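S.K.: Residue numbers (PDB author numbering), protein chains in the order written: chain A, 55 to 430; chain B, 109 to 269; chain C, 378 to 430; chain D, 2 to 54. Note that the Cβ used here is the ideal one computed from N, Cα and C, for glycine as well. Please find one structure pasted underneath; my questions will follow.
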Amino acid sequence: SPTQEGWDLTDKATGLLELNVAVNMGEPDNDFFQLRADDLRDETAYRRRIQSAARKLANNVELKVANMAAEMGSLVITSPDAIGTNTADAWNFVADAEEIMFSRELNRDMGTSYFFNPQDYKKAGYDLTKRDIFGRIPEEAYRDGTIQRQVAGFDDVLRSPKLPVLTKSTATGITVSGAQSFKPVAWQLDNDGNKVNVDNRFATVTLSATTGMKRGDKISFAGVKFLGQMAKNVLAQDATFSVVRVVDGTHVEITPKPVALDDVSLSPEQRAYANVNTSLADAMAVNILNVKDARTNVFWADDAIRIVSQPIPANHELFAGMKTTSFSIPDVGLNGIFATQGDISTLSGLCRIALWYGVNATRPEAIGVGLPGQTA
Amino acid sequence: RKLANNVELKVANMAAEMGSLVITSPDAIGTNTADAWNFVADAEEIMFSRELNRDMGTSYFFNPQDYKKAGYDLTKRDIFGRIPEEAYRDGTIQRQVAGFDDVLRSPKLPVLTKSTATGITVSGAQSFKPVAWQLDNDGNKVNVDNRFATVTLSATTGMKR
Amino acid sequence: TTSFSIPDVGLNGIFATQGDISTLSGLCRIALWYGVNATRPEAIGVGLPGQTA
Amino acid sequence: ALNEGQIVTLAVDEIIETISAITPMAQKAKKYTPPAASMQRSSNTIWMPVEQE
Numbered sequence: 055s056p057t058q059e060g061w062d063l064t065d066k067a068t069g070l071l072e073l074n075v076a077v078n079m080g081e082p083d084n085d086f087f088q089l090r091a092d093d094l095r096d097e098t099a100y101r102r103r104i105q106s107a108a109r110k111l112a113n114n115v116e117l118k119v120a121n122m123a124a125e126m127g128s129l130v131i132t133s134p135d136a137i138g139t140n141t142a143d144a145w146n147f148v149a150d151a152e153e154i155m156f157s158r159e160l161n162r163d164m165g166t167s168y169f170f171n172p173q174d175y176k177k178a179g180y181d182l183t184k185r186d187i188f189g190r191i192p193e194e195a196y197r198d199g200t201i202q203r204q205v206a207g208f209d210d211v212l213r214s215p216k217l218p219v220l221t222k223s224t225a226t227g228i229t230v231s232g233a234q235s236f237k238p239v240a241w242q243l244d245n246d247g248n249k250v251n252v253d254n255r256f257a258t259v260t261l262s263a264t265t266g267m268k269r270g271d272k273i274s275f276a277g278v279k280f281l282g283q284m285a286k287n288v289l290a291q292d293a294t295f296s297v298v299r300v301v302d303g304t305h306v307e308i309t310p311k312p313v314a315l316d317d318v319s320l321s322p323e324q325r326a327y328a329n330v331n332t333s334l335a336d337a338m339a340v341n342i343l344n345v346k347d348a349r350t351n352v353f354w355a356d357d358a359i360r361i362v363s364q365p366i367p368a369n370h371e372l373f374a375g376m377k378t379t380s381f382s383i384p385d386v387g388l389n390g391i392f393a394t395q396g397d398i399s400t401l402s403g404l405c406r407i408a409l410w411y412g413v414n415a416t417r418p419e420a421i422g423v424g425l426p427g428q429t430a
Numbered sequence: 109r110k111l112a113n114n115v116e117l118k119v120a121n122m123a124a125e126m127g128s129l130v131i132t133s134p135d136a137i138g139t140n141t142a143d144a145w146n147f148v149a150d151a152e153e154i155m156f157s158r159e160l161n162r163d164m165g166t167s168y169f170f171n172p173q174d175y176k177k178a179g180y181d182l183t184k185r186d187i188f189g190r191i192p193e194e195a196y197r198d199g200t201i202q203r204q205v206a207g208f209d210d211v212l213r214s215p216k217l218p219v220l221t222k223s224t225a226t227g228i229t230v231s232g233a234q235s236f237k238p239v240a241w242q243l244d245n246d247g248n249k250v251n252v253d254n255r256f257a258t259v260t261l262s263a264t265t266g267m268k269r
Numbered sequence: 378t379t380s381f382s383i384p385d386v387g388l389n390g391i392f393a394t395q396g397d398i399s400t401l402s403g404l405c406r407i408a409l410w411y412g413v414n415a416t417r418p419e420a421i422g423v424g425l426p427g428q429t430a
Numbered sequence: 002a003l004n005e006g007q008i009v010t011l012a013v014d015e016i017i018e019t020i021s022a023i024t025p026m027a028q029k030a031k032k033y034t035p036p037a038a039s040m041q042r043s044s045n046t047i048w049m050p051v052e053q054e
């Protein structure tokens with residue numbers, strides 16, 4: 055909500071603005087093979103393939119979660135040098151993440167989790183064991199490879215094997231094209247005058263060029279700083295955005311919508327949602343934050359990513375010919391369908407394991423990525 | 109919630125603007141071996157030496173950044189006892205540092221911008237008297253604020269509140 | 378008008394509402410009145426790290 | 002396929018809860034309320050005696 059000052063607020067009442075976010079679903083993920091009847095005399099390959107299918111589907115879910123988190127994570131913590139260069143740079147790096155989460159006034163009530171890749175986790179362990187092995191913490195980092203399960207202010211510090219590598223961006227000299235302002239809207243009018251909901255997350259930016267840009271690129275703008283999300287106080291950290299989609303040669307979609315404080319075209323209830331100090335100017339430079347190809351660290355508030363799933367009603371009577379059952383995906387807590395069907399003409403059968411779900415980043419501003427060793 | 113945050117922001121701004129006791133260091137808080145403690149302890153010692161009353165308690169407020177650097181000071185140390193390992197596992201640098209009763213980080217602390225004043229000199233030999241009131245114009249006794257003093261200088265260029 | 382309590386601080390305000398019959402529209406106002414005062418500025422301090430210029 | 006009437010779903014009770022803020026300094030600060038009637042006829046000002054020396 056906004057605030058005025060003083061007495062005599064006549065003709066200064068505001069309205070009510072309620073922003074909203076949509077969660078959608080992807081395409082079903084399948085394992086699908088076929089076998090002729092002569093191949094079923096020995097069924098060991100068939101059973102082993104079914105089990106491999108279960109494992110692969112589960113790990114695909116995990117990979118999708120990791121990739122969505124790394125691509126959509128707006129909070130970018132960078133360091134010009136690798137972990138291990140200094141006596142507490144791993145603690146410094148996690149504490150940078152925690153400090154940006156705190157200063158932004160992001161909600162962390164459900165908990166915070168920090169995911170290292172194995173290399174950076176090993177470098178944190180190296181930092182711990184370069185000290186005196188006296189102590190529970192260095193002793194566990196020596197006898198085991200583990201840094202403590204809580205580090206800096208994070209309630210969960212893990213090691214993720216599937217954290218993607220963020221390839222370096224090749225974009226150079228990118229600038230905005232004309233002043234652009236982005237307004238918080240609950241809905242907007244299409245043709246026929248229907249009210250259509252608007253996703254508050256993304257924003258489309260016209261740039262001078264979008265040549266070397268890709269999904270997951272981390273960028274910032276020259277002079278644009280974060281705000282405390284309630285106090286609206288300017289932060290020392292440049293506002294960071296992740297590229298969601300390169301839609302043209304001159305348009306890019308970025309996952310936190312930049313609402314500027316100094317924008318005079320906003321209503322007070324629109325300005326109440328500001329997250330950056332100033333709007334995007336005409337010739338303002340675009341900073342490229344993934345300057346060196348590196349493997350990522352991901353941290354979020356726990357509610358930021360969700361998996362939405364839908365059943366596949368293949369057990370309906372309308373599918374009489376094919377034989378369907380329930381297929382349990384081992385670890386990720388998802389359920390799929392297992393269907394089989396044979397053809398008399400070719401004496402061959404089909405086996406389809408179908409899983410339908412969708413990974414959603416509800417708070418991409420509460421998802422962060424950490425890039426160490428970002429030099430040149 | 110917004111009204112609460114506004115009053116907090118105002119309190120922080122007034123406290124930063126009105127602070128008479130100034131503890132400056134040539135270097136940042138993360139550079140030397142125990143300089144965050146030294147920084148808090150300088151504050152505590154100037155309060156003690158001046159014999160200021162602090163019966164209601166004392167409080168130190170850090171930046172999130174300066175709090176992080178104090179934690180880094182506690183964490184870059186080779187030996188891990190209760191305090192360094194709490195600074196590692198948590199961000200905390202203990203609620204009591206030096207002689208202060210409460211030490212904690214405040215998100216809404218402002219930035220103090222450098223002044224461009226250079227070569228400022230005092231124009232006349234000026235003295236100030238403790239007065240409860242002074243006569244003005246009409247001869248009315250009007251109360252005098254014991255805090256503020258107005259000083260003539262060579263120039264106020266570059267000087268701000 | 379009713380009393381409005383601001384959370385986590387020792388401050389109370391007012392909550393006011395008023396209707397308009399011509400427009401069938403209301404007005405809602407939350408007013409908070411306060412002042413921040415430093416009664417002992419000699420007992421308030423500032424720490425300024427890295428003053429090297 | 003199946004051309005039927007569409008709906009739009011809003012999970013109203015499922016708010017996202019994006020912000021968390023804390024107020025240390027105003028919590029630690031003293032809070033004074035003078036008499037209101039005397040405050041009005043002043044410029045909202047009260048004078049406070051300092052400890053004598």
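Return yes when the Cβ of A/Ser167 is within less than 8 Å of the Cβ of A/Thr309, no when it is not.
M.R.: For A/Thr309 and A/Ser167, no; Cβs fall outside 8 Å.
S.K.: Spell out whether any CB of chain B is found under 8 Å from the CB atom of A/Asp186.
M.R.: A/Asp186 counts as touching chain B.
S.K.: Under a Cβ-count criterion, where at least 16 other Cβ atoms within 10 Å of its own Cβ denotes burial, should A/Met267 be classed as buried or exposed?
M.R.: Label assigned to A/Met267: buried.
S.K.: Using a beta-carbon distance below 8 Å, is B/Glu159 in contact with chain D?
M.R.: No, because no Cβ of chain D sits closer than 8 Å to the Cβ of B/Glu159.
S.K.: Note the first and the last residue of the continuous beta strand (DSSP E) segment covering A/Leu425.
M.R.: Here the beta strand (DSSP E) through A/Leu425 covers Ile421 to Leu425.
S.K.: If you draw a straight line from the alpha carbon of A/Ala408 to that of A/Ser380, how long is it in whole angstroms?
M.R.: Those two C-alpha atoms are separated by around 10 Å.
S.K.: Cβ of A/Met122 within 8 Å of Cβ of A/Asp357?
M.R.: For A/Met122 and A/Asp357, no; Cβs fall outside 8 Å.
S.K.: Which runs of the alpha helix (DSSP H) at least 4 residues long sit entirely within the segment 126-195 of chain A? Give them in chain order.
M.R.: The segment 126-195 of chain A contains these whole alpha helix (DSSP H) runs: 143-157 and 172-183.
S.K.: Taking the alpha helix (DSSP H) that A/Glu323 belongs to, which residues open and close that run?
M.R.: It spans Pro322 to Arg325 - the alpha helix (DSSP H) in which A/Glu323 sits, taken as one unbroken run.
S.K.: Rounded to the nearest angstrom, how far is the Cβ of C/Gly424 from that of B/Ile228, given a contact under 8 Å?
M.R.: Not quite, the Cβ-Cβ distance comes to about 23 Å (not below 8 Å), so this is no contact.
S.K.: Can you give me the Cβ contacts of A/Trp410 inside the same chain, cut-off strictly under 6 Å, excluding the 5 residues immediately before and after it?
M.R.: Within the same chain, A/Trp410 has close Cβ partners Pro82, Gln364 and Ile366.
S.K.: Under 9 Å, CB to CB, which of the residues in the segment 192-208 of chain B have a partner in chain A?
M.R.: The residues in question are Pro192, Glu193, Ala195, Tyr196, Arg197, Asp198, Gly199 and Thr200.
S.K.: Using a Cβ-Cβ cutoff of less than 8 Å, which residues in the same chain neighbour A/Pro192 once the five nearest sequence positions on both sides are dropped?
M.R.: Once the five neighbours on either side are set aside, the close Cβ partners of A/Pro192 are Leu182, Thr183, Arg185 and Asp186.
S.K.: Quick one: complete beta strand (DSSP E) runs, 3+ long, within the segment 240-305 of chain A?
M.R.: 241-243, 249-251, 257-260, 272-281 and 288-300, all fully within the segment 240-305 of chain A.
S.K.: For the segment 116-150 of chain B, which residues have a beta carbon sitting closer than 7 Å to at least one beta carbon of chain C?
M.R.: So the list reads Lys118, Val119, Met122, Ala123, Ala124, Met126, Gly127, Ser128, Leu129, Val130, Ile131, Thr132, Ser133, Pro134, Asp135, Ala136, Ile137 and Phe147, given in the order they occur along the chain.
S.K.: Could you check whether the segment 139-155 of chain A touches the segment 106-123 of chain A, counting it as contact only if at least three pairs of C-beta atoms, one from each stretch, sit closer than 8 Å?
M.R.: Result no; under three Cβ-Cβ pairs closer than 8 Å.
S.K.: Taking the beta strand (DSSP E) that D/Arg42 falls in, what are its first and last residues?
M.R.: Premise fails: D/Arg42 lies in the alpha helix (DSSP H), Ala37 to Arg42, not in any beta strand (DSSP E).
S.K.: If the criterion is Cβ atoms closer than 8 Å, does the pair A/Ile273 and A/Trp354 meet it?
M.R.: The answer is no: Cβ separation not under 8 Å.
S.K.: Taking contact to mean at least 3 C-beta pairs separated by less than 8 Å, is the segment 270-288 of chain A in contact with the segment 102-115 of chain A?
M.R.: Output reads no: the segment 102-115 of chain A does not touch the segment 270-288 of chain A.
S.K.: Kindly say whether C/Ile383, judged by its beta-carbon, lies nearer than 8 Å to any beta-carbon of chain B.
M.R.: By this cut-off, C/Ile383 is an interface position.
S.K.: The beta strand (DSSP E) spanning A/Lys377 covers which residue range?
M.R.: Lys377 to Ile383 is the span of the beta strand (DSSP E), which, as asked, contains A/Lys377.
S.K.: Report back the beta-carbon spacing between A/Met284 and B/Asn113 to the nearest angstrom; my notes put them in contact at under 8 Å.
M.R.: Between B/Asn113 and A/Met284 the Cβ distance is about 5 Å, and since that is below 8 Å, they are a contact.
S.K.: Return the CA-CA distance between D/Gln28 and C/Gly387, expressed in angstroms with no decimal places.
M.R.: Cα-Cα distance, rounded: 8 Å.
S.K.: Show which residues of chain B have a CB atom less than 7 Å away from the CB atom of A/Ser55.
M.R.: Within chain B, the residues near A/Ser55 are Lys110.
S.K.: Run through DSSP, which three-state label would A/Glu307 get?
M.R.: In this structure, A/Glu307 counts as strand in the three-state DSSP scheme.
S.K.: Helix, strand or coil for A/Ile342? Go by DSSP, reduced to three states.
M.R.: It is a strand residue.
S.K.: List, in order along the chain, the chain D residues whose C-beta lies closer than 8 Å to that of B/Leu212?
M.R.: By Cβ distance, chain D contributes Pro25.
S.K.: Going along chain D, which residues have a C-beta under 9 Å from C/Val386?
M.R.: Ordered by position in chain D, the residues that pass the 9 Å Cβ test against C/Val386 are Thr24, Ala27, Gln28, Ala30 and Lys32.
S.K.: If you run the structure through DSSP and keep just helix, strand and coil, what is residue 445 of chain A?
M.R.: No answer is possible for residue 445 of chain A: the residues shown for chain A start at 55 and end at 430.
S.K.: Under DSSP, the beta strand (DSSP E) around A/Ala355 begins and ends at which residues?
M.R.: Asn351 to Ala355 is the extent of the beta strand (DSSP E) around A/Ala355.
S.K.: Please list the partners that C/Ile407 has in chain B, where partner means a Cβ-to-Cβ separation under 8 Å.
M.R.: Within chain B, the residues near C/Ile407 are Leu111.
S.K.: Mind checking the segment 76-91 of chain A against chain B and listing, in chain order, the residues whose C-beta falls within less than 9 Å of any C-beta there?
M.R.: Listed by position along the chain: nothing, the set is empty.
S.K.: Contact defined as beta carbons within less than 8 Å: I believe A/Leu111 pairs with A/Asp92. What is the distance between those atoms, to the nearest angstrom?
M.R.: Incorrect: roughly 28 Å between the Cβ atoms, too far for contact.
S.K.: Identify the continuous beta strand (DSSP E) that holds A/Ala393 and give its terminal residues.
M.R.: It spans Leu388 to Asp397 - the beta strand (DSSP E) in which A/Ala393 sits, taken as one unbroken run.
S.K.: Can you look up A/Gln88 in the DSSP assignment and give me helix, strand or coil?
M.R.: DSSP places A/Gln88 in strand when its eight states are reduced to three.
S.K.: Would you kindly report the start and end of the unbroken beta strand (DSSP E) that includes A/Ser363?
M.R.: Run containing A/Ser363: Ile359 to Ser363, per the beta strand (DSSP E) assignment.
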